[PDB]
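Novice: Got a structure for you, questions after.
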Amino acid sequence: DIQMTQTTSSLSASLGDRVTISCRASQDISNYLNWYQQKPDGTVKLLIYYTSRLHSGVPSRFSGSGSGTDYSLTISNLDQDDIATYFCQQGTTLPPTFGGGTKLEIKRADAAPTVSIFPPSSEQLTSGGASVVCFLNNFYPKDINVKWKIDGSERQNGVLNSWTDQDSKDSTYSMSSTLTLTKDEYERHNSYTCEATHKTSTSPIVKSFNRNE
Amino acid sequence: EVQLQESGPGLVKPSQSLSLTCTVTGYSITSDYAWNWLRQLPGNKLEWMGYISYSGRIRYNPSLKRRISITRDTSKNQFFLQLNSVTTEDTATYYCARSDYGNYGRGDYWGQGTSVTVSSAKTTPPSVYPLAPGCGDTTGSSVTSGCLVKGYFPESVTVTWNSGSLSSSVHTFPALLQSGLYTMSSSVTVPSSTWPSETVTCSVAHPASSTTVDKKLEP
């Protein structure tokens, strides 16, 4: 099996930029290289075939180069729509083999998250569980830390965080954090806090609520 | 105008076989080209499985050739995959695709992919919990609300919102395994002047369990 290697898996650049994604083969593949774009929704599209040829439909701002074992894709005049993962494929022998992909993030002006905390619902509490939830919406860059504080004391255990893909329209990210514990655990403490630390701010953004209210 | 779409069961018990169908439209599977099964495993590692030519020629990935069978039905213009003895390693999103038969070996049309899970874990409907601000939490310019969809299996879930305003930004957060069962969530933001005036409710559809709940969100 020809092994394909995209040494970079993360890539970040501003709109209008030029970006290169590189692809390397375990052995000479004689220009039978194809490039595919997968969108976060998982739809897949061929960009360029046989090193440099453009698939019908594909913008000329897409181009490819290479010989022997080393190949590269070049996206220039970079576009909001180009948020995807880019895959190279060798088409010289069976089985066809693909690279690991390169995720491309579009840069964006820094943005502080809009944070919201929510207490357990009435219904869940009947069910005997209790989950406190925290949205941290529309921020950049993606890098961010969340702490849960129960009666001031930090909580690591039982926290579920979930990030979204970079927004295809405004280039932001969002995240939900969920602290789950039993109804009894919940009911044995008064205040629940959600601290966000992020580039945009020197001190955390803190939201919380108090059961005694 | 060539289109492929795959379909089949999303959940399959270890040791059983997995059957999928791709349905081609806009093009006869007999005219020309090769028709392929691929899959993408966790960690985005993309693996070709096999094809069936327009002439009926078949070829498999050596790694899989003990357990794989591709067939076709030219009457219905369909092709099929069958992968025997599935383990959990066989959990992936499966993809049908059309390619050059030979020459450049390029996939020029793809299905959207279909996610299949291998587990003995029982199908379960979700619990849907509303997320409204704590009553003391007086707010400002607009308001965020959400659903919590918890304790379900398998993926996936659709969450859709209704309110009044098409100035509603939604976010859907990818699901996560919480001790055997999944959990996901969704946020919506609305002008603070439209709520609690204009009712807001979410709709959480879980096909595997064939279930839909709608939670209204109260102040």
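Chain lettering (A, B, ...) mirrors the order of the structure tokens, residue numbering begins at 1 for each chain separately, and ligand numbering begins at 1 in order of display.
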Quick one: residues within 10 Å of residue 82 in chain A, only C-alpha atoms, excluding same-chain residues fewer than 5 positions away - as a list in words?
Specialist: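 Near neighbours after the sequence-gap exclusion: residues 15, 37, 38, 39, 75, 104, 105, 106 and 168 of chain A.
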Novice: Near residue 53 in chain B, counting only C-alpha atoms, which residues have an atom at most 12 Å away, once you skip same-chain residues fewer than 4 positions from it, shown as JSON, numbers by chain?
Specialist: {"B": [28, 29, 30, 31, 32, 33, 34, 35, 36, 37, 57, 58, 59, 60, 70, 71, 72, 74, 79, 97, 98, 99, 100, 101, 102]}
Novice: If we count only C-alpha atoms and set the cut-off at 9 Å, which residues sit around residue 156 in chain B, ignoring sequence neighbours fewer than 2 positions away in its own chain? Please answer as a PyMOL selection string.
Specialist: chain B and resi 115+153-154+158+175+205-208
Novice: Mind dumping the selected residues with N, CA and C atoms as a short mmCIF file (atom, residue, chain, number, x, y, z; two decimals), in the first residue's frame?
Specialist:
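Contents of result_30.cif, freshly written:
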data_model
loop_
_atom_site.label_atom_id
_atom_site.label_comp_id
_atom_site.auth_asym_id
_atom_site.auth_seq_id
_atom_site.Cartn_x
_atom_site.Cartn_y
_atom_site.Cartn_z
N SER B 115 -23.41 7.08 8.29
CA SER B 115 -22.74 6.64 9.50
C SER B 115 -23.31 5.30 9.98
N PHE B 153 -29.15 6.62 22.32
CA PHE B 153 -28.34 5.73 21.53
C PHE B 153 -29.17 5.09 20.44
N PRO B 154 -28.63 5.02 19.23
CA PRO B 154 -27.36 5.55 18.78
C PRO B 154 -27.49 7.01 18.32
N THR B 158 -31.71 15.01 15.33
CA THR B 158 -31.98 16.34 14.77
C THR B 158 -32.70 17.19 15.81
N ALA B 175 -22.42 15.42 19.74
CA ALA B 175 -22.76 14.54 20.86
C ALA B 175 -21.51 13.91 21.46
N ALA B 205 -35.80 15.03 17.13
CA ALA B 205 -36.20 13.80 16.43
C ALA B 205 -35.11 12.76 16.53
N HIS B 206 -35.45 11.57 17.02
CA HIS B 206 -34.51 10.44 17.07
C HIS B 206 -35.05 9.25 16.26
N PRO B 207 -34.57 9.10 15.01
CA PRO B 207 -35.10 8.07 14.11
C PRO B 207 -34.88 6.64 14.60
N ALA B 208 -33.66 6.29 15.03
CA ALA B 208 -33.35 4.91 15.46
C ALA B 208 -34.37 4.35 16.45
#
Novice: Would you mind listing, for every residue of chain B within 8 Å of chain A, the two atoms forming the shortest contact and the distance between them in Å to one decimal, using only C-alpha atoms, sorted by chain and ascending residue number, as a Markdown table?
Specialist:
| residue | atom | partner | partner_atom | distance |
| --- | --- | --- | --- | --- |
| B:44 | CA | A:100 | CA | 6.7 |
| B:45 | CA | A:100 | CA | 5.9 |
| B:46 | CA | A:98 | CA | 6.1 |
| B:47 | CA | A:97 | CA | 6.8 |
| B:48 | CA | A:96 | CA | 6.3 |
| B:60 | CA | A:95 | CA | 7.8 |
| B:61 | CA | A:95 | CA | 5.7 |
| B:62 | CA | A:95 | CA | 7.8 |
| B:104 | CA | A:32 | CA | 6.2 |
| B:105 | CA | A:91 | CA | 4.9 |
| B:106 | CA | A:34 | CA | 6.5 |
| B:107 | CA | A:46 | CA | 6.7 |
| B:108 | CA | A:46 | CA | 6.0 |
| B:109 | CA | A:45 | CA | 7.2 |
| B:110 | CA | A:44 | CA | 6.3 |
| B:111 | CA | A:43 | CA | 7.4 |
| B:112 | CA | A:43 | CA | 5.0 |
| B:113 | CA | A:42 | CA | 7.1 |
| B:129 | CA | A:121 | CA | 6.4 |
| B:130 | CA | A:121 | CA | 6.3 |
| B:131 | CA | A:118 | CA | 6.0 |
| B:132 | CA | A:118 | CA | 6.3 |
| B:133 | CA | A:118 | CA | 5.6 |
| B:134 | CA | A:119 | CA | 6.3 |
| B:136 | CA | A:213 | CA | 6.9 |
| B:137 | CA | A:209 | CA | 7.7 |
| B:144 | CA | A:116 | CA | 7.3 |
| B:171 | CA | A:174 | CA | 7.7 |
| B:172 | CA | A:164 | CA | 7.3 |
| B:173 | CA | A:164 | CA | 5.7 |
| B:174 | CA | A:162 | CA | 6.2 |
| B:175 | CA | A:162 | CA | 7.5 |
| B:176 | CA | A:160 | CA | 7.6 |
| B:185 | CA | A:176 | CA | 7.6 |
| B:187 | CA | A:135 | CA | 7.5 |
Novice: Restricted to C-alpha atoms, what would the selected residues look like written as a tab-separated table (two decimals), in the first residue's frame?
Specialist:
chain	number	residue	atom	x	y	z
B	44	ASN	CA	-10.52	10.89	9.69
B	45	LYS	CA	-8.53	7.99	8.24
B	46	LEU	CA	-10.02	7.36	4.85
B	47	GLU	CA	-10.02	3.84	3.45
B	48	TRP	CA	-11.09	2.47	0.06
B	60	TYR	CA	-11.37	-5.40	-3.01
B	61	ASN	CA	-8.93	-3.89	-0.54
B	62	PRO	CA	-6.60	-6.71	0.55
B	104	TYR	CA	-6.51	8.82	-13.56
B	105	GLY	CA	-8.42	6.94	-10.83
B	106	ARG	CA	-10.37	9.94	-9.62
B	107	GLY	CA	-13.65	9.97	-7.66
B	108	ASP	CA	-15.79	12.50	-9.53
B	109	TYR	CA	-19.07	12.07	-7.66
B	110	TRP	CA	-19.68	11.05	-4.04
B	111	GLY	CA	-22.66	10.24	-1.87
B	112	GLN	CA	-22.98	12.30	1.32
B	113	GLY	CA	-21.88	9.39	3.48
B	129	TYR	CA	-34.59	19.06	28.83
B	130	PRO	CA	-35.34	22.73	28.39
B	131	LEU	CA	-32.69	25.34	29.18
B	132	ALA	CA	-34.13	28.66	30.43
B	133	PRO	CA	-32.33	31.40	32.41
B	134	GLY	CA	-32.49	31.08	36.21
B	136	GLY	CA	-32.83	35.98	39.04
B	137	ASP	CA	-30.75	36.23	35.88
B	144	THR	CA	-30.07	32.46	24.65
B	171	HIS	CA	-25.76	26.26	17.40
B	172	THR	CA	-25.72	22.46	17.57
B	173	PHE	CA	-23.02	20.89	19.72
B	174	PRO	CA	-21.67	17.46	18.67
B	175	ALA	CA	-22.76	14.54	20.86
B	176	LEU	CA	-20.61	12.79	23.43
B	185	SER	CA	-27.17	20.06	23.25
B	187	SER	CA	-28.56	26.77	21.72
Novice: How many Å lie between CA of residue 4 in chain B and CA of residue 96 in chain B, rounded to one decimal?
Specialist: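 CA of residue 4 in chain B sits 7.0 Å away from CA of residue 96 in chain B.
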Novice: DSSP on the backbone: which residues in chain B end up as strand (DSSP E)? Give the answer as a PyMOL selection string.
Specialist: chain B and resi 3-7+11-12+18-25+34-41+45-53+58-60+68-73+78-83+92-99+107-110+114-118+127-131+142-152+158-162+169-178+181-191+201-206+211-216
Novice: Here is a test: counting only C-alpha atoms, which residue of B:194, B:163, B:91, B:179 is nearest to residue 141 in chain B?
Specialist: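 Closest residue, counting only C-alpha atoms: B:194.
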Novice: Measure the distance from CA of residue 67 in chain B to CA of residue 84 in chain B in Å and round it to one decimal.
Specialist: 5.0 Å
Novice: As JSON, numbers by chain, please: all residues of range 2-195 of chain A that backbone DSSP puts in alpha helix (DSSP H).
Specialist: {"A": [122, 123, 124, 125, 126, 183, 184, 185, 186, 187]}
Novice: Determine, counting only C-alpha atoms, which protein, DNA and RNA residues have an atom within 8 Å of an atom of range 185-190 of chain A; residues of the same chain fewer than 4 positions away are not included. Present the result as a CSV table (one decimal) with N, CA, C and O atoms, in the first residue's frame.
Specialist:
chain,number,residue,atom,x,y,z
A,130,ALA,N,-29.2,15.9,37.8
A,130,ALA,CA,-29.1,17.4,37.7
A,130,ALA,C,-27.9,17.8,36.9
A,130,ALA,O,-26.8,17.4,37.2
A,150,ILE,N,-18.1,24.8,42.3
A,150,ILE,CA,-19.3,24.4,43.1
A,150,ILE,C,-19.0,24.9,44.5
A,150,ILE,O,-18.1,24.4,45.2
A,151,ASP,N,-19.8,25.8,45.0
A,151,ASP,CA,-19.5,26.6,46.3
A,151,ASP,C,-18.1,27.0,46.3
A,151,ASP,O,-17.4,26.9,47.2
A,181,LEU,N,-24.2,16.0,37.8
A,181,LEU,CA,-24.1,15.3,39.1
A,181,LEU,C,-25.5,14.9,39.6
A,181,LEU,O,-26.6,15.2,38.9
A,210,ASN,N,-27.4,31.0,42.1
A,210,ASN,CA,-27.5,30.5,43.4
A,210,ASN,C,-28.8,29.9,43.7
A,210,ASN,O,-29.9,30.5,43.5
A,211,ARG,N,-28.8,28.6,44.0
A,211,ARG,CA,-30.1,27.8,44.3
A,211,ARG,C,-30.9,28.6,45.3
A,211,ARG,O,-32.1,28.6,45.2
A,212,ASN,N,-30.3,29.1,46.4
A,212,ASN,CA,-31.0,29.8,47.4
A,212,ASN,C,-31.8,31.1,46.9
A,212,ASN,O,-32.3,31.9,47.7
